[PDB]
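Down below is the structure, laid out as structure tokens.
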Amino acid sequence: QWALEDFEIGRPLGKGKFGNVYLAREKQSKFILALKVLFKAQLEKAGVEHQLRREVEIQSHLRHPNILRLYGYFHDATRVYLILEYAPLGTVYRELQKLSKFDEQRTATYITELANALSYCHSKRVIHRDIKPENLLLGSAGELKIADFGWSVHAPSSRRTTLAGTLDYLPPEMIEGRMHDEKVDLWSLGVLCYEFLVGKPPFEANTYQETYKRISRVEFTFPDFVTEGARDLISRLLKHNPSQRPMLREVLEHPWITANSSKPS
Ligand SMILES: Nc1ncnc2c1ncn2[C@@H]1O[C@H](COP(=O)(O)OP(=O)(O)O)[C@@H](O)[C@H]1O
Ligand SMILES: COC(=O)c1sc(-c2cccs2)cc1N
Ligand SMILES: [Cl-]
Ligand SMILES: [Cl-]
Ligand SMILES: [Cl-]
Ligand SMILES: [Mg+2]
Ligand SMILES: [Mg+2]
């Protein structure tokens, strides 16, 4: 159906481990979108074709205003192209580097939008497993949108793929290679809430080995400026035991969230 000849390519939007993402316009309709380019050699070398099909299958069937749309795909001799919704305001990662820290209103609003999107995903027993600032995009009205579903699966699950980069957003059960479920996304939600308010993730360290130690032992402390309500929510989400992490509705109706969020459940 679709081919490369159907698009005019624009400026690079960003780069990932496998993905090179470009702004693009469909020639006949003038529709502006994002084109995620992956190299097949690369894909075969790492043996992650199953991850890419899951990304296409899962994300194309999800429909939610806080989740990035995937319209379709095509491939040629050397590359695979994912046709994505274009997010014009960029990543949360870039916004964080710009402002150093977010205030409580901005943070609570982002968390509400995240929890809404995750609640939708978990209703289909879909777990994202890779929630972090680089994978959170921003729409034209500044609304948060979850993207990059390459690591998503159906719960329950194990891990048959090698962990690539940072451990900073993964729960103990995940880094220890144990079986896991939906509660992994709630651990990540706690890590994000901390990083939004403080400017860095709670278990950050100089080495892989040291980061692993802090996560498994849940070693983190708060700066003085972090308020009581924020500390309560974060402490509840960062529990070593997955079953003691709250449900997403508990997050959405948490007193600190309701008092500071500008968006509803
Ligand atoms: N739809 C989009 N709109 C704008 N920028 C995007 C979009 N998709 C990806 N990007 C940019 O490209 C980067 C990599 O995209 P991603 O799909 O996460 O690649 P990978 O799966 O290799 O991590 C993102 O961090 C983001 O900066
Ligand atoms: C060497 O080829 C590959 O790795 C791949 S991955 C892929 C697809 C992934 C998701 C939808 S289609 C097609 C080919 N041909
Ligand atoms: Cl498995
Ligand atoms: Cl896996
Ligand atoms: Cl819930
Ligand atoms: Mg990514
Ligand atoms: Mg990916």
Side-chain angles (χ1 to χ4, degrees), residues 1-14 16 18-56 58-95 97 117 121 124 126-140 144-154 157-159 161-170 188:
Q1 193 179 8
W2 290 119
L4 186 63
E5 58 175 13
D6 295 316
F7 303 92
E8 287 179 325
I9 316 298
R11 77 157 176 98
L13 290 174
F18 292 94
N20 293 335
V21 186
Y22 300 88
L23 186 70
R25 184 179 70 169
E26 197 280 313
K27 284 182 175 177
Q28 298 171 9
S29 66
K30 300 188 201 168
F31 195 94
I32 291 287
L33 48 94
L35 217 57
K36 182 172 178 172
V37 182
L38 308 113
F39 289 102
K40 284 181 174 178
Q42 233 154 129
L43 284 175
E44 172 175 327
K45 172 85 182 186
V48 292
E49 294 97 334
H50 66 276
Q51 277 196 347
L52 195 53
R53 301 168 192 136
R54 193 129 51 192
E55 182 167 354
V56 174
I58 295 271
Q59 197 171 350
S60 66
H61 282 93
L62 296 172
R63 302 293 165 90
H64 192 281
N66 293 118
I67 298 178
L68 194 80
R69 290 289 322 273
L70 189 150
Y71 298 121
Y73 72 97
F74 58 98
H75 63 77
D76 52 21
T78 55
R79 293 172 299 272
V80 182
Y81 309 79
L82 304 193
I83 301 173
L84 305 173
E85 166 189 1
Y86 163 58
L89 291 211
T91 68
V92 174
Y93 178 90
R94 162 167 161 214
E95 192 78 1
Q97 291 255 299
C121 291
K124 314 187 177 306
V126 169
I127 60 191
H128 190 282
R129 304 200 300 179
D130 196 19
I131 306 284
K132 60 197 187 186
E134 310 97 276
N135 288 338
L136 305 176
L137 312 180
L138 294 169
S140 61
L144 178 140
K145 293 177 186 284
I146 302 182
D148 197 355
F149 277 80
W151 271 96
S152 65
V153 287
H154 285 74
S157 182
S158 179
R159 183 175 51 81
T161 323
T162 295
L163 288 177
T166 178
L167 293 181
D168 278 308
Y169 303 90
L170 301 174
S188 295

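For reference, positions follow the sequence shown, starting with 1. Any value given below was found using the heavy atoms of this structure, including those in side chains, with hydrogens, waters and symmetry copies removed.
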Out of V56, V37, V21, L35, which residue meets the side chain to side chain contact (heavy atoms under 4.5 Å, CB included) rule with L82? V56
Do the non-hydrogen side-chain atoms of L52 and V48 ever get within less than 4.5 Å of each other? no
Side chain to side chain, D76 and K40, heavy atoms closer than 4.5 Å: no
How long is the gap from CG on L13 to CG on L23, to the nearest 0.5 Å? 5.0 Å
Check whether any side-chain heavy atom of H64 sits under 4.5 Å from a side-chain heavy atom of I146, and report yes or no. no
Would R25 and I9 satisfy side-chain contact (heavy atoms from CB on, under 4.5 Å), going step by step from the backbone distance to the final call? CA-CA 7 Å; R25 184 179 70 169; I9 316 298; over 6 Å; no
Verify, without hydrogens or angle tests, whether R69 (side chain) and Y71 (backbone) share a donor-acceptor contact under 3.5 angstrom. no
Check: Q59 side chain, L68 main-chain N or O, donor-acceptor pair, under 3.5 Å: yes
Apply side-chain contact (heavy atoms from CB on, under 4.5 Å) to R54 and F149, showing your working. CA-CA 8 Å; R54 193 129 51 192; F149 277 80; over 6 Å; no
Closest heavy-atom pair, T161 versus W151, reported as atoms and distance to 0.1 Å, is CB-CH2, 3.8 Å
Quick check: closest heavy atoms across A34 and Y86, and the distance to 0.1 Å? N-CB, 4.0 Å
Check the surroundings of atom CZ in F39: do more than 12 heavy atoms from other residues, nucleotides or ligands lie under 6.0 Å from it? no
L70 side chain reached by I83 side chain, heavy atoms, under 4.5 Å: no
Side-chain H-bond candidate by donor/acceptor type, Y81 with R79, under 3.5 Å: yes
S140 vs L89 side-chain heavy atoms within contact, under 4.5 Å: no
Heavy-atom closest pair (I58 atom, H154 atom, distance to 0.1 Å) is CD1-CE1, 3.4 Å
Taking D6 for its side chain and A3 for its backbone only, find out whether a donor-acceptor pair lies under 3.5 Å. yes
Check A117 against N66 and note the closest heavy-atom contact, atom names and distance. CB-O, 3.6 Å
Could you measure the distance from the OG atom of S157 to the CD1 atom of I127? Nearest 0.5 Å is fine. 6.0 Å
Plane angle bin for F7 and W2 - parallel if under 30°, tilted between 30 and 60°, otherwise perpendicular: tilted
Does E55 pair with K36 as a salt bridge, N-O distance under 4.0 Å? yes
Compare every heavy atom of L144 with every heavy atom of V92, then report the nearest pair and how far apart it is. CG2-CD1, 4.2 Å
Rounded to the nearest 0.5 Å, what separates atom CG in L38 from atom OG1 in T78? 11.5 Å
Keeping the roles fixed (side chain from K145, backbone from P65), state whether a donor-acceptor pair exists under 3.5 Å. yes
Find out whether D168 and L170 are in side-chain contact, i.e. whether some heavy atom of one side chain is under 4.5 Å from a heavy atom of the other. no
With rounding to the nearest 0.5 Å, note down the distance linking CG in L138 to CZ in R94. 9.5 Å
List the steps, then state whether side-chain contact (heavy atoms from CB on, under 4.5 Å) holds for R129 with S188. CA-CA 8 Å; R129 304 200 300 179; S188 295; over 6 Å; no
N/O donor-acceptor pair under 3.5 Å between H128 side chain and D148 backbone: yes
Do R11 and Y22 come within less than 4.5 Å of each other through their side chains, counting heavy atoms only? no
Apply side-chain contact (heavy atoms from CB on, under 4.5 Å) to residues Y169 and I131 and explain how you reach the verdict. CA-CA 7 Å; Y169 303 90; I131 306 284; over 6 Å; no
